[PDB]
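Some notes on the structure that comes next.
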Amino acid sequence: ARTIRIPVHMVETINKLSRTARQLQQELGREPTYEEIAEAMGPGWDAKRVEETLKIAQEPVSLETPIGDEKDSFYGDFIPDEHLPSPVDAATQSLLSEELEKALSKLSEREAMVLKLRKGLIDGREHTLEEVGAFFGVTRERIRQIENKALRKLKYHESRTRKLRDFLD
Amino acid sequence: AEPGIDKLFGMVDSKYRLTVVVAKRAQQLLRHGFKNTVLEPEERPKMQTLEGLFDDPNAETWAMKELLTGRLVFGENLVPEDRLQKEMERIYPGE
Amino acid sequence: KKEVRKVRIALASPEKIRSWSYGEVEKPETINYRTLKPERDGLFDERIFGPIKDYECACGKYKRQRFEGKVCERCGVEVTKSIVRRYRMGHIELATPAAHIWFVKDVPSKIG
Amino acid sequence: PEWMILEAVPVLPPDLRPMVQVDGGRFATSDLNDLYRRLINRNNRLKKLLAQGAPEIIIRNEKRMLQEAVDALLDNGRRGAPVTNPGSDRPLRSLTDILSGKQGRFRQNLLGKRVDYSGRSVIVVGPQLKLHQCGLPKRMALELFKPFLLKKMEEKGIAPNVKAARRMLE
Amino acid sequence: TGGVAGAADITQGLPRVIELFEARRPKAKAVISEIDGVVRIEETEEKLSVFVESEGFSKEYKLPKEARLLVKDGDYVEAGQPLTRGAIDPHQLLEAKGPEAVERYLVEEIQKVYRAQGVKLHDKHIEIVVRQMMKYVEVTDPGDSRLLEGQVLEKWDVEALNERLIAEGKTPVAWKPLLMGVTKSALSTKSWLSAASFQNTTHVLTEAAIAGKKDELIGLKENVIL
Amino acid sequence: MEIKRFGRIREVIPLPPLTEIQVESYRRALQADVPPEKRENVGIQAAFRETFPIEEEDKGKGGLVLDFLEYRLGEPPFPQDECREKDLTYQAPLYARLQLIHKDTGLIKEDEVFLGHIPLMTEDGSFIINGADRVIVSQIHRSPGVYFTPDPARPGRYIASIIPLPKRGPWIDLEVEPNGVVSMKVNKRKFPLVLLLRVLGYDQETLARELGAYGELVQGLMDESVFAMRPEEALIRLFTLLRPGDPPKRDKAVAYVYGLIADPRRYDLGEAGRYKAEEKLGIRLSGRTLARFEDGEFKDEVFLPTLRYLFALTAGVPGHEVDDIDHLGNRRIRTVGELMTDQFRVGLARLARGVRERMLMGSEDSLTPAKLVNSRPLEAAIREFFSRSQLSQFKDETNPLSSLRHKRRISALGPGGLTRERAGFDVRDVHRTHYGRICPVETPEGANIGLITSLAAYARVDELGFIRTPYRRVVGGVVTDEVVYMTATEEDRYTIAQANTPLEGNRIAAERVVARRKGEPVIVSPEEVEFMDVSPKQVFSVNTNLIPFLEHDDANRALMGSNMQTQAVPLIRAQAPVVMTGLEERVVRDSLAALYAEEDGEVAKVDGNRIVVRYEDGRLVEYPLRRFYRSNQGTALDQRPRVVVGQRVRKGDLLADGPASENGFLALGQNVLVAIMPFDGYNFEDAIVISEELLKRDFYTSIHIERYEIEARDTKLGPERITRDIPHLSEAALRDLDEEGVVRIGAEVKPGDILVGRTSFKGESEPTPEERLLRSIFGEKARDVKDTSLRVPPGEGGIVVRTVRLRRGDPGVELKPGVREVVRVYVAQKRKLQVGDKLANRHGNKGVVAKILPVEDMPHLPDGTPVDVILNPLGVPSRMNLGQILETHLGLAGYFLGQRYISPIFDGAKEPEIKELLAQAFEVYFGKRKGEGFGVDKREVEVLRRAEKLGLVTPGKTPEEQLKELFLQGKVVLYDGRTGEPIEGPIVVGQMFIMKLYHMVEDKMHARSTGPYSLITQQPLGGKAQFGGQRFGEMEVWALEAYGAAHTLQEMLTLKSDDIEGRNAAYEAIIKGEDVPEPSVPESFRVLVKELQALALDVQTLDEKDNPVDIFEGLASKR
Amino acid sequence: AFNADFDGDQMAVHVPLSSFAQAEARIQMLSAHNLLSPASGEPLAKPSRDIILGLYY
Amino acid sequence: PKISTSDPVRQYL
Ligand SMILES: Nc1nc2c(ncn2[C@@H]2O[C@H](COP(=O)(O)OP(=O)(O)O)[C@@H](OP(=O)(O)OP(=O)(O)O)[C@H]2O)c(=O)[nH]1
Ligand SMILES: [Mg+2]
Ligand SMILES: [Mg+2]
Ligand SMILES: [Mg+2]
Ligand SMILES: [Zn+2]
């Protein structure tokens, strides 16, 4: 009986609330607060809590709800996208790339590939690259300086011909 | 109005061909710089900004100026498919 | 690269239906008040319809873009452009068939 | 003539029926998404009941309830529509309602799309104007022509690059 | 100004134009002769009937007490001609003088309305529209399709000559002509990708999917929706 | 100054208190002043005394017997304007004593239980709901009573409809069947009538054809006399139409209902219907329906005459009326009170329902006080009204007048049939009974015409709810002041005469007297008259009554006037007009535009802020001068004092002007020297030109307060902040900010500048596969916060006046769920006149400022005085609004005469007196041109020639007095400010009064290059900094098809809307300087297929040779 | 043609993008090539108001 | 053909 599946005791928590709310609606005359409910619900209940068990409790809204005009506009009509890149973004998030193969293209395939294993292939490599000998190379107190052979190489060609400065904001 | 609008109408059998001609013509005319321009140094379009006459970036406006000299030729068939997609690249640098 | 000139519309053979689909939705579940992730074999299961976020999977074992199309061992979630969620068809299998209503109530009752 | 009868029900891709979060930890979704759940519990509950090999009477009632269900999804209203239990008595916008824009959507359709290089303003007469021109706010133009403008800014010394050229303007 | 009191009043303005485009038996339906002939008017003090008679036949139209007489005892009434004042029903005049007569009637009583409000618009435009109004035929002599079937007149380029001629051999097709208003003349398109739009889709698609109807995108609409 | 008052039609009474409809209804809809314990019913008391005593007690084990005791309300939680700031609905707490009675007799007193508290009306007319100001538009409907109607479903005879007004009540229609019997519509469930007539306690042989004496074809009656015997079985033999069946043992189940039991009536204790049913049918009441106390069946005084008058109507000509639903005797207004009263009736229809519930669910001994009586079903019921009711809306307050017109509104929409059924030409038509009851000339333009409507100046709503206009009774041609407020119906009983009958004191001095006789105008003799029109005014709304020379103004274009004064927006040099109608002062007072003195006294203090006054009784009361306050519509409401220190003063004298009052005088616009004439196209079609000089005088300047908000929400990605530290590239662009988020009160803001800085978590933890490589180089803190700072929307902001920083709402401000804090900012801007600004006059002239010339160019008078505004004249024959010329003339006088006038609505200045006023004005102007030593110009010679030829002036008369003629016509002689030569022919200059129409943000200047996009459909969408695109509707689509604009159309249909892929493809090309590419499929189509797809129909797109083509390139294809 | 006066009628403006669209727009939508009317044949950009009032006099 | 539709409840019972 809900568009979002919920644990069976989580239903009973709200089904205790639903029972508890009616008493405090008449016992106080007014609508009780988040502080008012915990001190009545059970020993281990918080003020901040209820707010979450109430956000959780809701319907929720139907994209097919009509909006004021009643005739044409539905609720969903006014909900924007932000997952997809926009014409401005997408183009930026491809001019940044087509400049990277025009930035570290004249770099070593380890001054670039280390950062293309650390960052150019998606996995943190915080404590994953120093252990594995990385196929053919040298490890230990030198990889924590190989990103000084690699990451700090990108600083100058960026500060001189200021290509990458503006791509921040 | 626009230059010799009437005369440029007469060049074609129908309204729309001249629109197809002009646009397509302009496409090439502002694909390969303006390197293909069958229109001489002195009969090129110009602006007035910064106090300096510099050639008009308006491709669409060039092709019209061009066709108006009859230097182009147009038809339903003139060349094959990708067989033109190489000829104009070599005669006029396709970079 | 062949251009389009006609638009056919015909009936759907379940085989054809089952052709388009990408996996039986078996569960009445949607999303999770906790993880906000879709449910396994549920209406939003990334397994069936496609990854939520671009170039990734559900569990998170295969990343980046080079491997443009590589089903995962732990989840199976194809690592290809998330947009594929707004197209990719799913289906429900039926313990008994039930007549499609247009061909039943629209008169002349096309089956009647 | 059997393909008219359904045994494999296809299911609309999820994105065009989304489950987005809006304000105050509350969500919004489609009726389609709630029309499917009610279907499944019934097909799923049938598999139990049939597996169990229960009496026919009840094996029936569930199929009645399954026809009623697939009906209300394909075309909800051709037998007295179901609604979102409490809330209100609004019928659920079914794939049928959706296509033919049943509820003021086909009237919304012809109100057209929206266009990405457009603008609007009040009109003041322009006598000095010649027949083939108009008085336009430069203010307006620089939105409208933005991307065309950013290039000329790059072509000229006005910007180093487009992001800076766009930045120059926000 | 100074008219209506309890009698038959003709339609005027936009109603009339919709009345002429979708037509539609009009308000004051005028009587018209089924046939050529000459006039004889017999009458009781209350009863009235007009007789149109060409040698063999005798046609009798019993016009109501209210009716106004547009024709003189012993005149020639070319078939289709109105015997009362008012308004012709096009279907009636279709059945009696065929296509071109209905058409130049249609076009006109239409243009009549506009020009009387001083709108000068070129006959051809109304023509074009009435033409489609007349687009469809309804098979009488079958050839390989069931009896009635209303459908587009010009699919008869090759498929009317195919009886001895082009695809060679078999039965020749005959067809009744059809007057249908702009509305109804639209729901009957080749294009299901159009016909979907117009008044209720449900039924259009049922029938389109059964037949496996291909939509040649020919009209501007189909190409736009796509 | 001198204000010469005009006209003589001596008004025996000024217009009533104007917001009457709104204030007085609510006063009696609550009753909380003189009322002691038991006092009256009409209002809320009724909603109590109806649902009480609620009873659900059986003589078996227990039950419910709950009776009404008392009600009360008091302490409004928060003071008036505090509700506005804290977004709280200004209201009061409503208590009620109840007490429960026991089956073994016991009285434990449930005292004051305020489980439900109600809103309060402001002093001026409106309400405060969730901060905002609102109005409750009173509404028109078909009255309660019995009416007789002809049948459009059978071109012939009549139908008899009994109509009450309960909130679930029954309709009783009495028609004769197509099969020659008697239909009786109780619901839609029709049945042969006769049946019930027996149950009324009346048989078929006591009064049958006796009172059916004209029943000569009474064959709806004939069928079953072998049925009419006993009412015990006749009451059973009716229950037939009831599903799905019931045993008739307790047969008096629906029978008991339609007697007295409160729900079949139109009013309690008879009345309302009985009021009309005094002369409609019989005479009196049975109780309130067909009421019977304690007898066999049920007494009837209602059903019996209902037939027997349909009889009398179907008889020759006795009684014999056929009803008019357009008639105001049959149409009532449901006021704020009633509309809300029958909303408290619907609340106690659920509170009582909850009480019965706790009898099985609840005990019978455990719940003694009230463990079942709940506020929640009353609490939501009223707020679904005041907040959500159609009939409630935003308060118009563009200016004081607009704020007063809104309380005086009438709609047919809401609960009564609306638009979808239309009933056009009917209803929407101005009815013969509207004289002095509704303005025939006030209504919205377009769709909602004749539906929404405004109450005539003198109009009044009586204790029942019928609109009354006042008439003074006249006897024997001697007119008395004894003035009566007749109804619609009372009116039809007399021969009333028009307001402008020539009089001689008391006495009529007229042969033929021009009079209405129940609508029809007839020239009559004095002896026949009985009542006379009070004022020409009483025929029109107030907005209408403010237009001088109305009589010369065609109604269409004067409607526009009535309307546009709503869009007057207080100038900061608000002027009252040069020619006035009379209602100027009286509006400003009744509106509460200005601040008046409530007793006689001496002024203590005066500053911009407040005034303290010492009244003759000893009271030193302080009046704040409500200062720079924000209206609903932005327009600044606030007072400005017109009194100095220790200035002795009378009661009702002016202390502070309105925002649009110039000494108690309604000050909506500005008076200006207008030349009317064409000017070089610059006023081509209603366009208007403007002397720069108007701007230097700050003439059409206007101060506008704009309110912004920003939220601090809790998030699933972690709380977002209102920090001054936005992460970007600037610090020199944070100056005016500093204030720990907020922008400093006082700063200039242009578009793009930041009102409130904000940082939000966005991206889903990780840095972009590209930006992870990026930010490292700079120093990858790469803070997980974003620039969601509240920015200045494009197209002007202004300078800051006030910010409001509300965190956690701990002072008593109701928070928003999952929202930490909210910042407000307020931006003010003086808005001068400008090319685009629109301009209007009360005679319906509306045009846009198409050119602001410098004064070096303007046409000037001989004394060098140039003109302010140039109004093309072609916008006038076709309109037929001559009042604008009768205004421009009188102006030309009062200008030099140094005066202003009061013409009244149909009385007022006449053509003689005005030329005569121009005669004295010709002295001031010209009769002192020679005493300065100057004769006539060499160009006046040149004109006068051409003038006398035009046949304007006398040939022969002197070049001096030729001009005087010419000036009495209104035209003077202008010199083209450019050349210095004259305008051939004279031009009528003169003063005219003009108002700057108000700015809506819908009709703000808009422009999109590109921005956001709807999630679902993926069509372009609006932000706040971003304006969406234009709807490209079907109609515009055809536009280009027609044009053979092929590509263009398609790119409006893809590239610039739904083509997800191609729009990106496009952008890039344009940036690079490449030519735009061709486009993919639009989500329009893709999503289309998928919907069909979903419905089990295979939709293939075949190529040339019928081979599927991939519209979803890759993606959707399997394997 | 537009049927617009200046008591505040608003217009909307679009930009045609593709070098073809502008081609179309100039050769077949430019307000100085569409002089006559599709309905009548008669010219539809004519002296109108002030323009006549001037010329007549 | 409309006498009753919402039988599912009644029908079963
Ligand atoms: N073709 C066409 N005409 C329209 C349209 N809308 C209005 N008109 C014509 O313009 C004239 C006046 O229009 P309005 O603008 O209403 O007049 P108004 O200034 O007095 O309000 C009318 O005829 P008129 O007075 O005879 O015109 P004219 O002689 O003033 O030009 C009317 O028929 C339209 O969409 N198309
Ligand atoms: Mg702005
Ligand atoms: Mg006009
Ligand atoms: Mg207008
Ligand atoms: Zn995985």
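If you're wondering about the labels, chains in the structure tokens are A, B, ... by order shown, residues count from 1 in each chain, ligands from 1 in order shown.
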
Practice task
Please identify the residues whose atoms come within 10 Å of ligand 5, using only C-alpha atoms and all ligand atoms, and report them as a VMD selection string.
Solution key: chain C and resid 47 51 56 to 63 70 to 79

Practice task
Please provide as number ranges by chain all residues within 7 Å of region 103-114 of chain E, with the sequence filter that same-chain residues fewer than 5 positions apart are discarded (counting only C-alpha atoms).
Solution key: E: 13, 17, 20, 119, 126-127, 130

Hey, can you spit out that residue selection with N, CA, C and O atoms as a PDB file, in the first residue's frame?
ATOM      1  N   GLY E  13     -23.161  34.617 -41.724  1.00  0.00           N
ATOM      2  CA  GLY E  13     -21.884  34.726 -41.016  1.00  0.00           C
ATOM      3  C   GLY E  13     -21.248  33.378 -40.698  1.00  0.00           C
ATOM      4  O   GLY E  13     -21.712  32.327 -41.155  1.00  0.00           O
ATOM      5  N   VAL E  17     -20.773  29.591 -42.943  1.00  0.00           N
ATOM      6  CA  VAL E  17     -19.582  29.141 -43.617  1.00  0.00           C
ATOM      7  C   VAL E  17     -19.241  27.721 -43.167  1.00  0.00           C
ATOM      8  O   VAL E  17     -18.958  26.849 -43.999  1.00  0.00           O
ATOM      9  N   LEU E  20     -21.697  25.599 -44.700  1.00  0.00           N
ATOM     10  CA  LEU E  20     -21.488  25.353 -46.124  1.00  0.00           C
ATOM     11  C   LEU E  20     -20.309  24.441 -46.328  1.00  0.00           C
ATOM     12  O   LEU E  20     -20.292  23.659 -47.273  1.00  0.00           O
ATOM     13  N   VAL E 119     -14.732  41.242 -47.869  1.00  0.00           N
ATOM     14  CA  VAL E 119     -13.475  40.495 -47.867  1.00  0.00           C
ATOM     15  C   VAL E 119     -13.238  39.923 -49.268  1.00  0.00           C
ATOM     16  O   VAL E 119     -13.960  39.019 -49.709  1.00  0.00           O
ATOM     17  N   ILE E 126     -11.141  28.825 -51.954  1.00  0.00           N
ATOM     18  CA  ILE E 126     -12.328  28.083 -51.530  1.00  0.00           C
ATOM     19  C   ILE E 126     -12.404  26.826 -52.365  1.00  0.00           C
ATOM     20  O   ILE E 126     -12.737  25.761 -51.858  1.00  0.00           O
ATOM     21  N   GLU E 127     -12.065  26.947 -53.641  1.00  0.00           N
ATOM     22  CA  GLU E 127     -12.136  25.807 -54.566  1.00  0.00           C
ATOM     23  C   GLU E 127     -11.359  24.599 -54.074  1.00  0.00           C
ATOM     24  O   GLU E 127     -11.921  23.516 -53.869  1.00  0.00           O
ATOM     25  N   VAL E 130     -13.061  22.845 -51.260  1.00  0.00           N
ATOM     26  CA  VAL E 130     -14.251  22.093 -51.630  1.00  0.00           C
ATOM     27  C   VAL E 130     -13.818  20.836 -52.362  1.00  0.00           C
ATOM     28  O   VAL E 130     -14.393  19.780 -52.158  1.00  0.00           O
TER      29      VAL E 130
END

Exercise for the section: Identify, counting only C-alpha atoms and all ligand atoms, the protein, DNA and RNA residues located within 12 Å of ligand 2, and give them as a PyMOL selection string. Expected result: chain F and resi 706-708+749-753+755+791-798+827-829+1001+1004-1007+1024-1027

Within 9 Å of ligand 4, counting only C-alpha atoms and all ligand atoms, which protein or nucleic acid residues do you find, written as a PDB file with N, CA, C and O atoms, in the first residue's frame?
ATOM      1  N   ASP F 686      -1.916  54.697 -32.378  1.00  0.00           N
ATOM      2  CA  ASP F 686      -2.055  54.796 -30.926  1.00  0.00           C
ATOM      3  C   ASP F 686      -0.743  55.112 -30.194  1.00  0.00           C
ATOM      4  O   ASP F 686      -0.766  55.463 -29.012  1.00  0.00           O
ATOM      5  N   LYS F 846      -5.121  54.738 -24.987  1.00  0.00           N
ATOM      6  CA  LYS F 846      -4.055  53.918 -24.485  1.00  0.00           C
ATOM      7  C   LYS F 846      -3.035  53.791 -25.606  1.00  0.00           C
ATOM      8  O   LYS F 846      -3.354  53.448 -26.740  1.00  0.00           O
ATOM      9  N   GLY F 847      -1.800  54.109 -25.285  1.00  0.00           N
ATOM     10  CA  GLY F 847      -0.786  54.145 -26.276  1.00  0.00           C
ATOM     11  C   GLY F 847       0.535  54.143 -25.565  1.00  0.00           C
ATOM     12  O   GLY F 847       0.595  54.331 -24.345  1.00  0.00           O
TER      13      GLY F 847
ATOM     14  N   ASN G   3      -1.563  43.028 -38.208  1.00  0.00           N
ATOM     15  CA  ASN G   3      -2.678  43.607 -37.446  1.00  0.00           C
ATOM     16  C   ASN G   3      -2.352  44.233 -36.072  1.00  0.00           C
ATOM     17  O   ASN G   3      -3.227  44.283 -35.180  1.00  0.00           O
ATOM     18  N   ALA G   4      -1.120  44.722 -35.906  1.00  0.00           N
ATOM     19  CA  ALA G   4      -0.705  45.331 -34.637  1.00  0.00           C
ATOM     20  C   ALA G   4      -0.685  46.864 -34.617  1.00  0.00           C
ATOM     21  O   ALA G   4      -0.180  47.525 -35.550  1.00  0.00           O
ATOM     22  N   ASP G   5      -1.228  47.400 -33.531  1.00  0.00           N
ATOM     23  CA  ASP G   5      -1.143  48.814 -33.218  1.00  0.00           C
ATOM     24  C   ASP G   5      -0.222  48.950 -32.028  1.00  0.00           C
ATOM     25  O   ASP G   5       0.380  47.959 -31.600  1.00  0.00           O
ATOM     26  N   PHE G   6      -0.159  50.160 -31.466  1.00  0.00           N
ATOM     27  CA  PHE G   6       0.721  50.441 -30.333  1.00  0.00           C
ATOM     28  C   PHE G   6       0.023  50.915 -29.023  1.00  0.00           C
ATOM     29  O   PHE G   6       0.472  51.821 -28.344  1.00  0.00           O
ATOM     30  N   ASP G   7      -1.062  50.268 -28.653  1.00  0.00           N
ATOM     31  CA  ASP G   7      -1.513  50.367 -27.286  1.00  0.00           C
ATOM     32  C   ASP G   7      -0.903  49.223 -26.506  1.00  0.00           C
ATOM     33  O   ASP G   7      -1.462  48.765 -25.537  1.00  0.00           O
ATOM     34  N   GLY G   8       0.253  48.741 -26.964  1.00  0.00           N
ATOM     35  CA  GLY G   8       1.067  47.813 -26.179  1.00  0.00           C
ATOM     36  C   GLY G   8       1.096  46.374 -26.655  1.00  0.00           C
ATOM     37  O   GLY G   8       1.575  45.492 -25.946  1.00  0.00           O
ATOM     38  N   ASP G   9       0.555  46.140 -27.851  1.00  0.00           N
ATOM     39  CA  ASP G   9       0.744  44.874 -28.526  1.00  0.00           C
ATOM     40  C   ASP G   9       2.209  44.572 -28.339  1.00  0.00           C
ATOM     41  O   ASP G   9       3.042  45.498 -28.335  1.00  0.00           O
ATOM     42  N   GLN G  10       2.503  43.296 -28.115  1.00  0.00           N
ATOM     43  CA  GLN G  10       3.869  42.821 -28.026  1.00  0.00           C
ATOM     44  C   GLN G  10       4.125  41.949 -29.244  1.00  0.00           C
ATOM     45  O   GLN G  10       3.189  41.353 -29.766  1.00  0.00           O
TER      46      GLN G  10
END

Exercise for the section: Specify as a PyMOL selection string all residues of chain A found within 10 Å of chain D, counting only C-alpha atoms. Expected result: chain A and resi 1-4+51-52+54-66+70-76+79+88+92+162-163+165-169

Just write the chosen residues, N, CA and C atoms, as a compact mmCIF listing (two decimals), in the first residue's frame.
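Result file follows (part-v1.txt):
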# COMPACT_ATOMS: atom_id res chain seq x y z
N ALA A 1 0.77 -1.26 0.00
CA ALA A 1 0.00 0.00 0.00
C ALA A 1 0.80 1.31 0.00
N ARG A 2 1.85 1.38 -0.82
CA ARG A 2 2.70 2.56 -0.90
C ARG A 2 3.55 2.47 -2.16
N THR A 3 3.75 3.61 -2.83
CA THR A 3 4.52 3.66 -4.08
C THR A 3 6.01 3.47 -3.79
N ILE A 4 6.39 3.64 -2.53
CA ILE A 4 7.74 3.32 -2.08
C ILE A 4 7.70 2.31 -0.92
N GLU A 51 10.54 14.62 12.32
CA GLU A 51 10.62 15.31 11.04
C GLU A 51 10.96 14.37 9.88
N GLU A 52 11.84 13.39 10.14
CA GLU A 52 12.24 12.41 9.13
C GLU A 52 11.19 11.33 8.93
N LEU A 54 8.22 11.84 9.20
CA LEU A 54 7.07 12.51 8.61
C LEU A 54 7.27 12.85 7.13
N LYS A 55 8.45 13.35 6.79
CA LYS A 55 8.91 13.43 5.40
C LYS A 55 8.74 12.07 4.72
N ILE A 56 9.12 11.01 5.44
CA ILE A 56 9.04 9.63 4.95
C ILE A 56 7.60 9.22 4.69
N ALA A 57 6.70 9.66 5.57
CA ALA A 57 5.32 9.19 5.59
C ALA A 57 4.47 9.58 4.36
N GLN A 58 4.85 10.67 3.69
CA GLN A 58 4.01 11.31 2.66
C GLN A 58 3.69 10.49 1.38
N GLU A 59 2.92 11.10 0.48
CA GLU A 59 2.17 10.37 -0.56
C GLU A 59 2.95 9.62 -1.67
N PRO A 60 3.69 10.33 -2.56
CA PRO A 60 3.99 11.74 -2.69
C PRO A 60 3.26 12.38 -3.88
N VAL A 61 3.74 13.53 -4.33
CA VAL A 61 3.06 14.34 -5.37
C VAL A 61 3.02 13.61 -6.71
N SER A 62 1.95 13.82 -7.47
CA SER A 62 1.80 13.20 -8.78
C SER A 62 2.21 14.12 -9.91
N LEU A 63 3.21 13.71 -10.69
CA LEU A 63 3.64 14.43 -11.89
C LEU A 63 2.45 14.84 -12.76
N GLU A 64 1.38 14.05 -12.67
CA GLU A 64 0.16 14.29 -13.43
C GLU A 64 -0.88 15.17 -12.69
N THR A 65 -0.45 15.78 -11.59
CA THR A 65 -1.23 16.84 -10.94
C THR A 65 -1.25 18.06 -11.86
N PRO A 66 -2.45 18.62 -12.12
CA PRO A 66 -2.57 19.88 -12.86
C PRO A 66 -2.26 21.10 -11.98
N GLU A 70 -5.36 24.44 -14.38
CA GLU A 70 -6.22 23.24 -14.36
C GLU A 70 -6.33 22.53 -15.71
N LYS A 71 -6.45 23.31 -16.78
CA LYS A 71 -6.61 22.76 -18.12
C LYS A 71 -5.30 22.17 -18.67
N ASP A 72 -4.36 23.03 -19.03
CA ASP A 72 -3.17 22.56 -19.74
C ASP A 72 -2.04 22.06 -18.83
N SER A 73 -1.50 22.94 -17.98
CA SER A 73 -0.27 22.65 -17.24
C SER A 73 -0.40 21.61 -16.12
N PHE A 74 0.48 20.61 -16.17
CA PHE A 74 0.58 19.59 -15.12
C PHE A 74 1.84 19.81 -14.29
N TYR A 75 1.85 19.25 -13.08
CA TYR A 75 2.96 19.40 -12.14
C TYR A 75 4.33 19.16 -12.79
N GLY A 76 4.45 18.05 -13.51
CA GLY A 76 5.71 17.63 -14.09
C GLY A 76 6.29 18.61 -15.08
N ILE A 79 9.25 20.77 -13.93
CA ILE A 79 10.45 20.14 -13.37
C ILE A 79 11.56 20.00 -14.41
N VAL A 88 25.67 24.22 -23.57
CA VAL A 88 26.84 24.94 -23.08
C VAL A 88 27.80 23.99 -22.37
N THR A 92 31.50 22.38 -23.42
CA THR A 92 32.61 22.64 -22.50
C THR A 92 33.25 21.31 -22.09
N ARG A 162 47.88 30.41 -20.81
CA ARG A 162 46.78 30.21 -19.87
C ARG A 162 45.54 29.62 -20.55
N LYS A 163 45.64 28.33 -20.87
CA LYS A 163 44.56 27.60 -21.53
C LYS A 163 43.50 27.18 -20.52
N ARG A 165 42.95 27.97 -17.23
CA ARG A 165 42.61 28.83 -16.08
C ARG A 165 41.10 29.01 -15.84
N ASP A 166 40.35 29.19 -16.92
CA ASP A 166 38.94 29.57 -16.85
C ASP A 166 37.95 28.42 -16.67
N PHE A 167 38.42 27.19 -16.85
CA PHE A 167 37.55 26.01 -16.82
C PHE A 167 37.11 25.62 -15.40
N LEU A 168 37.44 26.47 -14.43
CA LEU A 168 37.11 26.25 -13.03
C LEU A 168 35.65 26.58 -12.71
N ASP A 169 35.19 27.74 -13.18
CA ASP A 169 33.87 28.25 -12.83
C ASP A 169 33.02 28.49 -14.07

Produce a table with one row for each residue of chain F that has an atom at most 9 Å from any atom of ligand 1, each row naming the nearest atom pair and its distance in Å at one decimal; use only C-alpha atoms and all ligand atoms; arrange rows by chain and rising residue number; format as CSV.
residue,atom,partner,partner_atom_place_in_ligand_line,distance
F:685,CA,ligand 1,19 (O),8.0
F:686,CA,ligand 1,19 (O),8.2
F:874,CA,ligand 1,19 (O),8.3
F:875,CA,ligand 1,19 (O),6.3
F:876,CA,ligand 1,20 (O),7.6
F:877,CA,ligand 1,20 (O),7.6
F:878,CA,ligand 1,20 (O),4.1
F:879,CA,ligand 1,20 (O),4.8
F:880,CA,ligand 1,20 (O),8.3

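Take CA of residue 479 (chain F) and CA of residue 506 (chain F): the distance between them is 5.2 Å.
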
Exercise for the section: In Å, rounded to a single decimal, give me how far CA of residue 66 (chain C) is from CA of residue 41 (chain C). Expected result: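 According to the coordinates, CA of residue 41 (chain C) and CA of residue 66 (chain C) are separated by 27.9 Å.
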